[PDB]
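First the structure, in the form of structure tokens, and then the observations on it.
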Ligand SMILES: CC(C)c1cnn2c(NCc3ccccc3)cc(NC[C@H]3CCNC[C@@H]3O)nc12
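Residue numbers (UniProt numbering), protein chains in the order written: chain U, 1 to 38, 44 to 284; chain E, 244 to 308; chain F, 10 to 30, 37 to 42, 52 to 310.
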């Protein structure tokens with residue numbers, strides 16, 4: 001359960017500033033190692054963030070075309086693995102192209118989505134020799150990925166909390182007559198939230214509730230009563246204020262999100278290839 | 244030194260979740276899919292899925308890092 | 010890494026376990057899915073009657089898991105003819121097992137491998153559920169499970185009849201079996217095959233009918249059987265009291281839904297009644 005999970009204890013951070021500090025520390029640690037091994046070949050932390058967002062998009066595409074069909078739980082677990090890995094590791098050391106596939110592989114194992122290794126690597130659009138090379142690299146990096154996650158493999162996604170909130174709305178909130186007309190727009194907002202860093206900053210229940218109430222606001226429905234009358238927050242107004250602040254901050258994180266740009270990702274990809282050639 | 248049952252005290256940092264046996268009266272089970280006869284024969288009930296969904300929805304809703 | 014690798018402890022299909030300075040270290053598909061299952065489940069759980077995963081580390085596709093060191097298990101206790109299992113001892117073992125199971129079931133996980141040698145005991149007499157290699161999360165309508173979990177002598181009839189969806193009953197039945205093995209000092213239902221296991225179950229407890237198991241005929245491997253009336257529980261457990269017989273009947277109810285859950289078993293008068301469970305420090309030591 002989330003309330004005593006490793007995700008809550010160790011992978012839910014206080015602010016975007018702490019995440020930026022971890023990412024910058026990883027960047028400077030790789031820079032120091034590269035210098036001690038021996044210039045503008047190095048990637049700046051914002052460039053690393055752009056590449057990580059691009060490769061998270063690539064991981065989502067890979068998990069969406071995966072055959073047999075990958076449960077949404079596996080995709081969420083893999084994306085969380087990618088986010089956690091590149092919090093404390095530079096893309097200049099470990100290539101995100103390999104790391105995202107390793108994330109998907111480990112996620113399929115952890116969430117009990119049994120697929121054999123050949124049918125995993127067959128989903129890749131490469132030659133059989135290329136598929137076996139990718140398989141070898143995934144096997145090399147699986148233990149590394151597990152180590153960098155600190156052996157915290159269970160990821161609590163917001164999809165089941167979303168379902169629970171829908172059940173609760175259908176049962177206890179007749180004001181919102183048909184909660185199922187919120188599902189599509191709330192799912193779209195959930196995808197948008199997943200693009201950002203919110204999965205490292207908020208609880209899955211908070212994320213699901215934020216998506217639901219954003220969908221309700223988009224439809225024009227004002228359902229603060231459900232927060233006050235059904236969640237019993239009218240008995241604790243400070244908790245209600247904290248909850249509204251959390252949801253406002255999440256909506257702000259979504260509105261300020263900037264997607265990777267094609268020219269910029271092309272330039273940074275050539276830079277990353279140069280980085281990996283020399284290492 | 245007689246044993247006395249104490250319920251598990253685990254803070255959920257969220258709203259109270261209705262008990263499993265009470266889901267039927269409160270109307271929750273009218274919104275979860277019914278359990279098939281083979282599901283019931285093995286001990287699986289729609290109450291389990293509904294209860295887990297509600298618990299996950301309410302877990303840590305009021306918690307902040 | 011930081012461990013001394015003192016003594017060899019055991020070897021099984023997926024791993025070999027050694028003592029190490037005190038902890039127990041257990042050493052193209054990649055990392056073994058049983059080790060990953062143990063890692064992913066035991067990291068999220070923390071309870072006095074559940075085995076603790078203290079550390080994890082490995083090389084290549086070979087990971088080593090660090091657990092607390094356990095002195096013995098219930099199998100050695102049951103098979104040791106020197107020690108006498110007083111009713112207090114059975115109550116204590118049952119209580120620790122059921123509390124660990126209550127915690128585990130609260131977090132929507134089924135052990136699916138309960139048996140006396142999977143219930144380990146430390147020097148302080150604390151019983152911990154171990155061997156989470158088959159343990160799986162339950163309560164999800166999208167997860168389809170296999171019916172070949174639990175060793176045969178402790179497998180529930182719905183599992184033997186091929187249930188792909190089940191709940192805590194598969195643990196609870198095994199618990200009942202363990203209880204019976206504690207009372208008889210021998211395996212309760214020692215079948216040599218699935219059909220023989222079902223035969224022994226129905227010959228001992230009676231063949232369940234549609235009144236005691238409303239949808240028993242809908243299980244995919246349900247086989248129509250011979251109507252045995254069974255043997256009354258007070259005849260099998262001649263030394264058992266009425267409260268213990270109530271607990272046994274609840275644990276061995278053929279309907280998995282009607283079968284008592286861990287919390288319901290804990291609330292039963294058997295555990296509240298005299299005598300109280302033995303303290304851990306006074307439980308018998310093999
Ligand atoms: C890996 C962890 C669960 C563990 C902690 N102590 N310990 C011991 N101790 C020696 C022992 C135990 C039981 C009976 C006699 C001796 C033995 C052992 N053997 C591996 C299996 C064997 C079958 N029963 C479950 C065990 O985990 N695994 C462990």
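No residue lacks a Cβ here, since even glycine has one placed at the ideal position from N, Cα and C.
Starting from residue i, follow the alpha helix (DSSP H) in both directions and report where the run begins and ends.
i                      : result
residue 10 of chain U  : 6-10
residue 257 of chain E : Here residue 257 of chain E belongs to no alpha helix (DSSP H), and DSSP marks it neither H nor E.
residue 204 of chain F : 193-208
residue 191 of chain U : 188-200
residue 126 of chain F : 111-130
residue 66 of chain U  : 50-70
residue 301 of chain E : 289-301
residue 27 of chain F  : No alpha helix (DSSP H) contains residue 27 of chain F, which is instead part of the beta strand (DSSP E) from 24-29.
residue 168 of chain U : 164-177
residue 90 of chain U  : 77-90
residue 294 of chain F : 293-296
residue 125 of chain U : 122-126
residue 74 of chain F  : Run containing residue 74 of chain F: none; DSSP gives neither H nor E here.
residue 101 of chain F : 98-103
Since residue i contacts residue j with CB under 8 Å, what's their CB separation in whole angstroms?
i                      : j                      : result
residue 54 of chain F  : residue 147 of chain U : 5 Å
residue 226 of chain U : residue 181 of chain U : 6 Å
residue 89 of chain U  : residue 154 of chain U : 6 Å
residue 101 of chain U : residue 22 of chain U  : With a Cβ gap of about 16 Å, residue 101 of chain U and residue 22 of chain U do not count as contacting.
residue 299 of chain F : residue 191 of chain F : In fact, because the Cβ distance is near 32 Å, the residues do not count as touching under 8 Å.
residue 187 of chain U : residue 220 of chain U : 4 Å
residue 193 of chain U : residue 19 of chain U  : Not really, about 24 Å apart at Cβ, beyond 8 Å.
residue 195 of chain F : residue 138 of chain F : 6 Å
Could you work out which residues of chain E lie near residue i, taking near to mean beta carbons separated by less than 9 Å?
i                      : result
residue 127 of chain F : 251, 253
If the cut is a Cβ gap below 7 Å, which residues of chain U does residue i touch?
i                      : result
residue 296 of chain E : 165, 168, 169, 172
residue 131 of chain F : 1
Note down, in chain order, every chain C residue with its Cβ under 7 Å from the Cβ of residue i.
i                      : result
residue 190 of chain F : Of the chains in the structure shown, none is chain C; the protein chains are U, E and F.
For the beta strand (DSSP E) that contains residue i, what are its first and last residues?
i                      : result
residue 79 of chain F  : 77-83
residue 88 of chain F  : 86-92
residue 39 of chain F  : 38-41
residue 215 of chain U : Taken as a continuous stretch (DSSP letters only), residue 215 of chain U belongs to no beta strand (DSSP E), being part of the alpha helix (DSSP H) at 209-223.
residue 143 of chain F : 143-145
residue 20 of chain F  : 17-21
residue 152 of chain F : 151-153
If the cut is a Cβ gap below 9 Å, which residues of chain F does residue i touch?
i                      : result
residue 117 of chain U : 57, 61, 160, 161, 167
Which residues in chain F sit within 8 Å of residue i, going by Cβ to Cβ distance?
i                      : result
residue 276 of chain E : 165
residue 261 of chain E : Ordered by position in chain F, no residue passes the 8 Å Cβ test against residue 261 of chain E, which lies about 15 Å from the chain.
residue 272 of chain E : Per Cβ cutoff of 8 Å: no residues; residue 272 of chain E is ~13 Å from chain F at best.
residue 110 of chain U : 54
Which residues in chain E have a C-beta closer than 8 Å to the C-beta of residue i? List them in chain order.
i                      : result
residue 213 of chain U : 300
residue 8 of chain U   : 303, 306
residue 236 of chain U : 258, 304
residue 4 of chain U   : 253
residue 222 of chain U : Residues of chain E passing the Cβ test: none, with the nearest at roughly 18 Å.
For a contact defined as C-beta to C-beta under 7 Å, what are the partners of residue i on chain E?
i                      : result
residue 177 of chain F : What residue 177 of chain F touches in chain E: nothing, since even the nearest Cβ is about 20 Å away.
residue 181 of chain F : Those do not exist, as residue 181 of chain F stays about 10 Å from chain E at its closest Cβ, beyond 7 Å.
residue 201 of chain F : Going along chain E, no residue has its Cβ under 7 Å from residue 201 of chain F, so there is no contact; the nearest lies around 16 Å.
I want to verify the contact list: residues of chain F whose CB lies under 7 Å from the CB of residue i, in sequence order.
i                      : result
residue 246 of chain E : 119, 295, 296, 300, 301
residue 114 of chain U : 57, 60
If the cut is a Cβ gap below 8 Å, which residues of chain U does residue i touch?
i                      : result
residue 308 of chain E : 12, 13, 14, 206
residue 53 of chain F  : 121, 122
residue 267 of chain E : Neighbours of residue 267 of chain E on chain U: none; closest Cβ ~12 Å, over 8 Å.
residue 85 of chain F  : 144, 147, 148
*Residues of the region 154-180 of chain U whose Cβ lies closer than 7 Å to any Cβ of chain F, in chain order*: Residues passing the 7 Å Cβ filter: 156, 157, 158, 159.
*asked:* Count Cβ pairs between the region 78-91 of chain F and the region 179-196 of chain F that sit closer than 8 Å; are there 3 or more?
replied: Judged by Cβ distances under 8 Å, the region 78-91 of chain F makes no contact with the region 179-196 of chain F, as fewer than three pairs qualify.
*asked:* Contact between the region 153-172 of chain F and the region 106-117 of chain F is defined here as three or more beta-carbon pairs at a separation below 8 Å; is this criterion met?
replied: With the cut-off at 8 Å, the region 153-172 of chain F and the region 106-117 of chain F do not touch.
*Given a limit of 8 Å on CB to CB distance, which residues of the region 244-256 of chain U reach chain E?*
Listed by position, the residues of the region 244-256 of chain U near chain E (Cβ gap below 8 Å) are 244, 247, 248, 251.
*Would you check if the region 224-231 of chain F and the region 202-216 of chain F touch, i.e. whether three or more CB-CB distances between them fall below 8 Å?*
These segments touch.
*Inter-stretch contact at 8 Å, needing at least 3 Cβ pairs: the region 72-90 of chain U / the region 267-282 of chain E*: Remark: fewer than three beta-carbon pairs, one from each stretch, lie closer than 8 Å, so the region 72-90 of chain U and the region 267-282 of chain E are not flagged as touching.
*Report the residues of the region 65-82 of chain F with a CB closer than 9 Å to any CB of chain U, ordered along the chain.*
Answer set for the region 65-82 of chain F: 65, 67, 68, 69, 70, 77, 79, 80, 81, 82.
*When a residue counts only if its C-beta is closer than 6 Å to some heavy atom of ligand 3, which residues count, in chain order?*
Among the ligands in the structure shown, ligand 3 does not appear; only ligand 1 can be found there.
*Is the number of C-beta pairs between the region 168-183 of chain U and the region 268-286 of chain E that are closer than 8 Å three or more?*
When C-beta atoms of the region 168-183 of chain U are compared with those of the region 268-286 of chain E, three or more pairs fall below 8 Å, so the two segments count as touching.
_Under 9 Å (Cβ pairs) to chain E, residues found in the region 233-267 of chain F_ = Within the region 233-267 of chain F, the residues whose Cβ lies closer than 9 Å to some Cβ of chain E are 237, 238, 239, 240, 241, 242, 243, 244, 246, listed in chain order.
*asked:* Taking 8 Å as the cut-off, does the region 275-292 of chain E touch the region 272-283 of chain U (at least 3 CB pairs, one atom from each stretch)?
replied: Touching, no.
*Given 8 Å as the limit, is there contact between the region 199-207 of chain U and the region 253-271 of chain U, that is, 3 or more CB pairs closer than that?*
Verdict: yes, contact present.
_Would you call the region 92-101 of chain F in contact with the region 54-72 of chain F, where contact means no fewer than 3 C-beta pairs closer than 8 Å?_
No: fewer than three Cβ pairs fall under 8 Å.
*Would the region 145-154 of chain F and the region 244-254 of chain E be scored as touching if the rule is three or more Cβ pairs under 8 Å?*
Because the criterion of three Cβ pairs below 8 Å is not met, the region 145-154 of chain F and the region 244-254 of chain E do not touch.
*Quick check: the region 3-20 of chain U against the region 62-71 of chain U, are there 3 or more CB pairs under 8 Å?*
No: fewer than three Cβ pairs fall under 8 Å.
*Touching by the beta-carbon criterion (3+ pairs, under 8 Å), the region 265-279 of chain F and the region 235-244 of chain F*: Contact between the region 265-279 of chain F and the region 235-244 of chain F is present, because at least three Cβ pairs lie under 8 Å.
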